[PDB]
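# Residue-level structural notes
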Amino acid sequence: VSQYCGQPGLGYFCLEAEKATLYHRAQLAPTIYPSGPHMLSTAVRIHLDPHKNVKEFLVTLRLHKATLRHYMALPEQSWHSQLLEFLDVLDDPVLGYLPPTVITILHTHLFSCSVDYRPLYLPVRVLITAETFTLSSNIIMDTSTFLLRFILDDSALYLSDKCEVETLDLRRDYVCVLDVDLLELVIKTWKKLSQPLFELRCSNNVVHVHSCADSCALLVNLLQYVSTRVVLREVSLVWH
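Residues numbered from 1 in each chain as written, not as in the entry; some residues may be left out. Part of a larger assembly, values for the part shown. Heavy atoms only, no water. Residues with missing side-chain atoms left out of burial classes, pairs and counts.

Per the PDB record, this model was obtained through cryo-EM at a reported resolution of 7.05 Å.

Okay, the overall build of the protein next. Scanning the protein from N- to C-terminus turns up 2 helices and 9 strands. Secondary structure elements of the protein occur, N-terminal to C-terminal, as β-β-α-β-β-β-β-β-β-β-α. Each of the three principal axes of the protein carries a C-alpha extent, and together these read 65 × 50 × 35 Å. (Helix = DSSP H or I, 4+ residues; strand = E, 2+ residues; numbered from the N terminus.)

For the ring pair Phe-133 and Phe-150, a centre distance of 5.2 Å and an interplane angle of 80° mean the geometry is edge-to-face. Remark: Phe-150 occurs in strand β6 (residues 145-151) and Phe-133 occurs in strand β4 (residues 132-133); sequence separation between them is 17 residues. (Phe/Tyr/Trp six-rings, centres within 6.5 Å; stacked < 30°, edge-to-face > 60°.)

Our next topic: the pairing of β6. As defined by bridge partners, strand β5 (residues 135-136) adjoins β6 across 2 bridges and the pair is classed as antiparallel. Residue pairing for β6: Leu-135 is matched across the bridge by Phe-150. Of the pairings in the sheet, the one linking β6 to strand β8 (residues 184-190) comprises 7 bridges and is antiparallel in character. Bridging across to β8, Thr-145 finds its partner in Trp-190. (Pairing = 2+ DSSP bridges.)

A few words now on the sheet that holds β6. Reading across from one edge, β5-β6-β8 is the order of the 3 strands in this open sheet, with antiparallel pairing throughout. Looking along the sheet, the strands with just one partner apiece sit at the ends: β5 and β8.

Glancing now at the environment of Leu-58. Along the chain, the position of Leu-58 falls in the loop between β2 (45-47) and α1 (77-85). As a C-alpha pair, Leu-58 and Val-44 span 14 residues in sequence and 5.5 Å in three-dimensional space. Beyond its immediate sequence surroundings of up to four residues, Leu-58 is in contact with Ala-43, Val-44, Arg-45, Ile-105 and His-107. (Contact = heavy atoms within 4.5 Å.)

Positive phi is not limited to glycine here, since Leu-40 has a value of about 50°. A positive phi angle, close to 55°, is found at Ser-112, a residue other than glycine. Structurally, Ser-112 can be placed in the loop between β3 (110-111) and β4.

Here's what the structure looks like:
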């Protein structure tokens, strides 16, 4: 749209689809999403001001039940391909638009974007079932400071059979290992008035942990084989 209700700067840019999450390229597809909002509902909002002459974005992104991973090889190789193809910020050399300085303010909602096929040298069918990944960065990301309220809701984790890549079991949504009730990691990275660079004040709420000797032993094998940081974070209400 252009000039919504007659006033320049007001518009409605949108996008909708329903897709299978992750298919790789050159070869063979990753084939992710083996799992009534739609996918990639990037209903961004723009209220820029001609007098200000600066690029404003209100991106209300919504990847519903997707799996937005593109890191095919051990390094982020197909992710590199994705970030070399997709990354281009509205090249506008046309007349009447001298390129306004780019500034981004995201309010993304990666609701139910399950991540269970993150590839590495030798993971074991790793399953991390996030519910809500609310990267509501109310502050400007492209700056020294970035307030990012990761208000998650009741995540969890489940581990597969055996560290060597091939792993089968009766339930691939296996036993719980390390679930979180909530983790409000409200980071203010300065790249709480803490002058020190990268103050990752992960003010985590709590970390429940349940386990059996085999379960935690296997988890430790998994971790083995696979600048203020003031948490004030409860370490474990471990029922283990």
